[PDB]
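Notes to accompany the following structure.
Every residue, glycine among them, receives a Cβ derived from its backbone with ideal geometry; neighbour counts consider all protein chains shown. Since every read-out is calculated from the coordinates, none of them should be taken as a lab result.
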Amino acid sequence: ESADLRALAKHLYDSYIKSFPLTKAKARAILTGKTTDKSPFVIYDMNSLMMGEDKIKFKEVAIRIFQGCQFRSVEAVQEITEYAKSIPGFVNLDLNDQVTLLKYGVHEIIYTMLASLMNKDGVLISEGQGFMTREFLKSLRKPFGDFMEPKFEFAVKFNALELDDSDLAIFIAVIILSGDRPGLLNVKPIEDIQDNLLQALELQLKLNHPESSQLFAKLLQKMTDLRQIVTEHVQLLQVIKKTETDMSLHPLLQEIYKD
Amino acid sequence: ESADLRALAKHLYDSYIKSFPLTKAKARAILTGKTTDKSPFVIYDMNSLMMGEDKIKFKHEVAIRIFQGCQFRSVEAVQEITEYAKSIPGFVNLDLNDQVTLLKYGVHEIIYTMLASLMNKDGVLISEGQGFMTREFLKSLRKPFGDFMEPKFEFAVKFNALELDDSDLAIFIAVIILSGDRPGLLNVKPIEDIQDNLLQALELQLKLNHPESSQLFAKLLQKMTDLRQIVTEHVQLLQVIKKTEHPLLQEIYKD
Ligand SMILES: O=C(Nc1ccc(Oc2ncccn2)cc1C(=O)O)c1ccc(Cl)cc1Cl
Ligand SMILES: O=C(Nc1ccc(Oc2ncccn2)cc1C(=O)O)c1ccc(Cl)cc1Cl
Ligand SMILES: *c1ccc([N+](=O)[O-])cc1C(=O)Nc1ccncc1
C-alpha cells in the first residue's frame, strides 16, 4: 500500500532531525541571510583565519584547519552512527554487518551532508558560525589545497537536485543499507531493507518534487560521484599520513580506513 | 469518561503487540512447560553455554561475550520502545527535544520492566526465547560480571508477584515514558497531561482486570521506586566495566 511508505519516510525524517543538528534548511537560511538564523564570520585569509579563532569558538594554518576538519568528521560519524540505529531493521542485523555498513556508508554520507553546507563559493564550518571560502581552501599548502576541491565539485552537481532534509533522510538510509559492501555476511536482509527504503524514497521523491522528472533516477546515479570522491580522498590521506608522519589521525576515523 | 479510557487501553495493547516481538504471554508459555511445542536450549554451565552458540545463532571471554550480547539486545529494545512510544497519543506532537529526553531517560526503566516478563526464580529467556540462561550460571560469572544481573533477578520476582499481563504493562510502560520529571524537559504541561490520562487508563484497567488485587495500582506505582533504583545501580556497574575492558562498535553501544 502506497501509504505505508509515508510512515517510514516521516519516521526517518524525524530521526534525521533528532540526529543531525545542522539540517540543510538551517544551512540554506544561514547561507542566504535569513532572519531565522544569524550571520557567519567568513575567513578567506590568515588574518580572518586568526580573527576566526577569536570570534568563532571552536576548541601551521594548513594543518590546524585539517586537525579541525578531522574532529568534525568524528562528530559526523557519531551522528550518522546514531541515525543508522534508527533505521528499522538495522540494529537487528548481524553485528559484523552493522559495523561493515557503517564503515563504508559513512564517507558517502559525510560528503552528501557536507553538500548541504556548501555553495559554489565555500562551506559553513563550526555549526554555521563560520564560513570558509573555496578559494582560501584551494590556496593551502601543496598536499592540503587540492584536498577539498572535488567535494566542492560534487556538491555543485548534487545541490542542483534541490533535495531537502526529508529527502536526504531516506537517501542517507539507502546508502547505509547497501548490501554490495565488501565482507558482508548476509546480504539478503540488508537488501530487503534497502528495497523498502528505495520504495519509500521513490514515493517521497515523486510527491515532494512532483514536477522533477526522474529525480529518483538522477539521485541514484549520484552514488557514482560519491563512490569516486571517497576513493580519491582515501589515497589523498595516505599521502598526508606519510608526508607528515607527525600528524595523528583520530582512531575512529582510522578504523574506517582499512585501505 | 471510562469508554475513552478503555479505547486508549486497547489502542496501546495493539501497539504493544505490534512493537514488541516476545509478549509476556508468549514468554510465560515457554517458561512454564505448558506449550511443549518448542522448548528453549538451556545454559546451566560452561559446557552448555559453548553448545548454545552452535544451536542459537547469536549476531555478536565467555562472560565478556555474554555482556556484549546483552548489549546487542539492549539497542534492539531501545528501537522497539522508541517505535512503541510514537504510538502513544500526543507523544509525537511533543517538542522533539522533549521526546528524545523522555526516551533517553525512560528506555532503561522500561527495559528492566520488560526483562521481568522473560525471567523467573531460576533464569531468563535469551535470544528470541529460544534460549534460557539459568540464574545460577549468571551468578557464577567472573566478578564483577557474576553480580551484574543478580539484582535484576530479585526485582523481577518481586515485580512478577503483581501478576501483570501484557495489557497492563502496555499502559504501565506508557506512564514510564511520559515522566514529566526528567532532567531538562522544555514543556512539561503536555507530558503531564498525557501521563495523567495514561494513569487514569492504567487505574481503570487494573481495577477491571484485577478486581481481586486490592490497591494494585498503588502497589504498581511504588515499584517505580525499584525501577529508578535498579537503573541508577546499573549505570554504575557498567562504569567499573569501563575500567576493565573496535572504535566503531564503541559508537554503536555508546551510553
Ligand atoms: O574546514 C572544514 N571543516 C572545519 C574545519 C575547521 C574547523 O575548526 C577550525 N576552523 C578554523 C580554523 C581552525 N579550525 C571546523 C570545521 C567544521 O566543519 O566544523 C571543511 C569543510 C568542508 C570541506 Cl569540503 C573542507 C573543509 Cl577544510
Ligand atoms: O543473557 C541476557 N541477555 C543476553 C545475553 C547474551 C545474549 O547472547 C549471548 N548468549 C550467550 C552467550 C553470549 N551471548 C543474548 C541475551 C538476550 O537477553 O537476548 C540477560 C538477560 C537478563 C538479565 Cl537480568 C541478564 C542477562 Cl546477561
Ligand atoms: C545488558 C547489558 C548492558 C546494558 N546496558 O549497557 O545498559 C543493558 C543490558 C540489558 O538488560 N538488556 C536487555 C534488554 C531487553 N531484553 C533483554 C535484555
*Would you check if residue A:255 is of a type in the set (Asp, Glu) and within 14 Å of chain B (Cβ to nearest Cβ)?*
yes
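Take residues that are of a type in the set (S, T, N, Q) and tell me which of the helices (runs of 4 or more DSSP H) falling wholly in the range A:170-259 contain 2 or more.
A:187-208, A:215-243
State yes or no: is residue B:223 surrounded by fewer than 13 Cβ atoms within 10 Å (Cβ to Cβ) and either in contact with a strand residue (DSSP E or B) (Cβ under 6 Å, 6 or more places away or on another chain) or closer than 19 Å to residue B:117 by Cβ (or both)? Outline the logic, then answer.
Numbers: surrounded by fewer than 13 Cβ atoms within 10 Å (Cβ to Cβ): no; either in contact with a strand residue (DSSP E or B) (Cβ under 6 Å, 6 or more places away or on another chain) or closer than 19 Å to residue B:117 by Cβ (or both): yes.
Considered against the rule, which asks whether it is surrounded by fewer than 13 Cβ atoms within 10 Å (Cβ to Cβ) and either in contact with a strand residue (DSSP E or B) (Cβ under 6 Å, 6 or more places away or on another chain) or closer than 19 Å to residue B:117 by Cβ (or both), residue B:223 comes out as no.
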*Considering B:78, B:124, B:92, which residue is within 8 Å of ligand 2 (Cβ to nearest atom), touching a helix residue (DSSP H, G or I) at 6+ places or on another chain (Cβ under 9 Å) and among the aliphatic types (A, V, I, L, M)?*
B:124
*Is the range A:145-163 home to any residue that is away from ligand 2 (no atom under 16 Å from the Cβ), polar (S, T, N, Q) and either more than 13 Å from the chain's Cα centre (by Cα) or within 14 Å of chain B (Cβ to nearest Cβ) (or both)?*
no
*Scanning the range A:147-179 for residues that are over 21 Å from residue A:13 (Cβ atoms) and among the small types (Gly, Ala, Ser), which turns out surrounded by the fewest Cβ atoms within 10 Å (Cβ to Cβ)?*
A:160
*asked:* Step by step: first the residues of the range B:1-35, then only those that are part of a helix (DSSP H, G or I) and of a type in the set (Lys, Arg), then the one that is surrounded by the most Cβ atoms within 10 Å (Cβ to Cβ). Which residue is that?
replied: B:24
*Residue ID - nearest to the other protein chains (Cβ to nearest Cβ), chosen from residues in the range A:55-94 that are touching a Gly at 6+ places or on another chain (Cβ under 9 Å) and not small (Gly, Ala, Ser)*: A:80
*Can you find a residue in the range A:75-88 that is within 16 Å of ligand 3 (Cβ to nearest atom) and over 13 Å from the mean Cα position of the chain (by Cα)?*
yes
*State yes or no: is residue B:23 within 12 Å of chain A (Cβ to nearest Cβ), among the polar types (S, T, N, Q) and away from ligand 1 (no atom under 16 Å from the Cβ)?*
no
*So residue A:100 fits all but one of (1) within 18 Å of residue A:221 (Cβ to Cβ); (2) within 14 Å of another protein chain (Cβ to nearest Cβ); (3) hydroxyl-bearing (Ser, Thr, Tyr); what number is the exception?*
(1)
